[PDB]
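Residue numbers (the entry's author numbering), protein chains in the order written: chain B, 305 to 331, 333 to 460, 470 to 548; chain A, 305 to 460, 470 to 548; chain C, 688 to 696; chain D, 688 to 696.
Below is one structure, written out as structure tokens; comments come after it.
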Amino acid sequence: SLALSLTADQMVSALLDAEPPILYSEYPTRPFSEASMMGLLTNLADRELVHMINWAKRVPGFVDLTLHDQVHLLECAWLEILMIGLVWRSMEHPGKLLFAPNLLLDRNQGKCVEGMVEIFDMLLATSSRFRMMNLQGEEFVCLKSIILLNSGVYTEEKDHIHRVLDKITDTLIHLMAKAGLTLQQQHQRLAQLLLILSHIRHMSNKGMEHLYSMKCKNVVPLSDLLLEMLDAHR
Amino acid sequence: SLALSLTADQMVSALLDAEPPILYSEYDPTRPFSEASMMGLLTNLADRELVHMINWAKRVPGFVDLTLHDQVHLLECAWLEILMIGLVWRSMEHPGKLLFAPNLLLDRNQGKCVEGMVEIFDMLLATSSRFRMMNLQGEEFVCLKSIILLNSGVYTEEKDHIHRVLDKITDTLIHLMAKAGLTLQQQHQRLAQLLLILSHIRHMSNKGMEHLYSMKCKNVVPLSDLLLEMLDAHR
Amino acid sequence: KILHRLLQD
Amino acid sequence: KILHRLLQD
Ligand SMILES: O/N=C/c1ccc(-c2ccc(O)cc2)c(Cl)c1O
Ligand SMILES: O/N=C/c1ccc(-c2ccc(O)cc2)c(Cl)c1O
């Protein structure tokens, strides 16, 4: 491998430079219909997915996996990864979800799509939780990588994935020790961060279910790439 | 509150003594299996297990200090996560088999007798294999189960108290790992490995919850009133 | 709610 | 799969 040789400072710089760009929404003069808001979200997700693959390939250890393992991990965590990115962008905008710099939504916009307010409330709760925890960008890129490797690990090669997961854990602890936190505060914060991933998984399952209902309704056009990512969960 | 005034060793002993019993199944081995009977065994067992889980949650430090509304909400969110991690724990020494009860040992081939149940079985089997490889200790198990109870519903002042208890359970897990001779690097790593598994238990519960609502709409399986209330709490 | 009753019993 | 082409490219 090559990720196991990296120092924790090198691991951070590798992940920071691997960050995908912030894409703009295709929006403008639209009070949102239920079909227009979901169109923006799915269109943004489809274009964000293209950058996620290049980001995943730049995650230390992901290139060492077989093509099928890479597909399986991405097929399981893609919506989690999009959501934790949305949650991260929305930190400095309390009560608002920054889907894009030109697409800032609150929970009232969630009422424009049935079943969306519940997902909105959960996303806002995670974002406020990151705000209270004072989540740093160095920590965020570690959590996003952990989601990628961990979410599909339970469906030799897995021994390497767990070895890379240990490395990112070491990197998280290094970041907290570098910030002046005590040893007790280090494992406490590590525990607080990883327990949020359980809820990110929960929101993904709720959102994955909501996306399936949009398909059977077929009012919202879904890209073939998006349909294939969706068919991998059911 | 008293959960904060507890040392790590006192926290472990309190959780261990609060452990619910291992209930048996109403399983007649001379009854041929059917999709209605196997699901009837899993739901009947879960219904009797819920009664003990309610009294186990009261003995969890910090849970009693919460309002009854918060208690109802946390149990409605995590009751299947807790049932599953318990099932996974009991089945740790039975590879390829899920020990729902001492008289109810099932493999994935029996899960095919119920539609959509194989996918949940394999995830439960993989979780049990993961605990076996990690050599999960009983002291660590009662902590993870208590973490699930307090953490699964915390996102829907009382919330600050819940996180104060959660941090104490983390101090407990680290205390156990330091006591077992692990280095500080190994301590953080195992702590991370254990908490990352809760993400999969959450995933299994989400899937099991959806499959349960599927059983309700077909109504070939009799569901107890307590089980139907827990099911309507997620949707 | 049944859960509410069992929690206060 | 489209995901296959994206990972390889
Ligand atoms: O039915 N709705 C499905 C859905 C799809 C994508 C997204 C999404 C999430 C994060 C993004 O950066 C961008 C987009 C959301 Cl929030 C959804 O609810
Ligand atoms: O549709 N029904 C789903 C379902 C319900 C309960 C249980 C269950 C789990 C653990 C127990 O101790 C006892 C029972 C399982 Cl594994 C299920 O898949």
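Cβ coordinates follow ideal geometry from the N, Cα and C atoms, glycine included.
Taking residue 392/B as the centre and dropping the five residues before and after it, the same chain places the C-beta of 428, 431, 432, 435, 514 closer than 8 angstroms to its C-beta, in chain order.
For residue 544/A, the CB contacts under 8 angstroms within the same chain, skipping 5 residues up- and downstream, are 522, 525, 526, 529, 536 in chain order. The DSSP-derived three-state label of residue 425/A is helix. In this structure, the CA atom of residue 484/A is about 7 angstroms from the CA atom of residue 502/B.
For the pair residue 349/A and residue 329/A, the CB atoms are nearer than the 7 angstroms cut-off. By the neighbour-count criterion, in which a residue is buried when 16 or more other Cβ atoms sit within 10 angstroms of its Cβ, residue 397/B is exposed. The beta carbon of residue 424/A is closer than 7 angstroms to those of 517, 520, 521, 524 in its chain, skipping five residues each way along the sequence. Pairing residue 345/A with residue 367/B, the inter-Cα distance amounts to about 42 angstroms. The beta carbon of residue 418/B is closer than 7 angstroms to those of 339, 342, 343 in its chain, skipping five residues each way along the sequence. DSSP links residue 403/B through a beta bridge to 409/B. Neighbours of residue 375/A in chain C, taken as residues whose beta carbon is under 8 angstroms from its own, are 694 in chain order. Contact fails between the region 400-419 of chain B and the region 368-384 of chain B, because fewer than three Cβ pairs, one in each stretch, are under 8 angstroms apart.
Apart from sequence neighbours up to five positions away, the residues of its chain that approach residue 421/A with a beta-carbon distance below 6 angstroms are 415, ordered along the chain. Taking a Cβ-Cβ threshold of 8 angstroms, none of the residues of chain C is close to residue 327/A; the smallest such distance is about 16 angstroms.
Taking the C-beta atoms as reference points, residue 453/A is found no nearer than 7 angstroms to residue 689/C. Taken through DSSP and simplified to helix, strand or coil, residue 386/A comes out as helix. Placement of the Cβ of residue 346/A at a distance of less than 6 angstroms from at least one heavy atom of ligand 2 is found.
Within its own chain, the residues whose Cβ lies closer than 7 angstroms to the Cβ of residue 327/B, once the five positions on either side in sequence are excluded, are 349, 352, 353, 405, listed in chain order. At least one heavy atom of ligand 2 lies closer than 6 angstroms to the C-beta of residue 350/A. At the C-beta level, residue 512/A and residue 482/A stay beyond 7 angstroms of one another. Taking 8 angstroms as the upper bound for CB-CB distance, residue 322/A and residue 383/A are not in contact here, some 16 angstroms apart. Sixteen is the threshold: when 16 or more other Cβ atoms of the shown chains lie within 10 Å of the Cβ of residue 395/B, as they do, the residue is buried. With respect to chain B, the C-beta atom of residue 363/A has no partner C-beta closer than 7 angstroms. Remark: C-beta atoms of residue 509/B and residue 455/A approach each other more closely than 7 angstroms.
Annotation: the continuous alpha helix (DSSP H) that includes residue 445/B extends over 442-455. A straight line joining the alpha-carbon of residue 333/A with that of residue 355/B spans about 54 angstroms. Separation of residue 477/A and residue 438/A (C-alpha to C-alpha, rounded to the nearest whole angstrom) is 27 angstroms. Listed by position along chain A, the residues whose Cβ is nearer than 7 angstroms to that of residue 480/B are 502.
Taking the Cα positions, residue 381/B is about 6 angstroms away from residue 457/B. Under the three-state reduction of DSSP output, residue 381/A falls in the helix class.
Residue 499/A and residue 358/B have their C-alpha atoms roughly 31 angstroms apart. Straight-line measurement puts the Cα of residue 504/B at about 20 angstroms from the Cα of residue 388/B.
As the crow flies, the alpha-carbon of residue 336/A is around 16 angstroms from that of residue 411/A.
Its chain contains 340 as the residues whose beta carbon lies nearer than 7 angstroms to that of residue 533/B, once the 5 sequence neighbours on both sides are disregarded; these appear in chain order.
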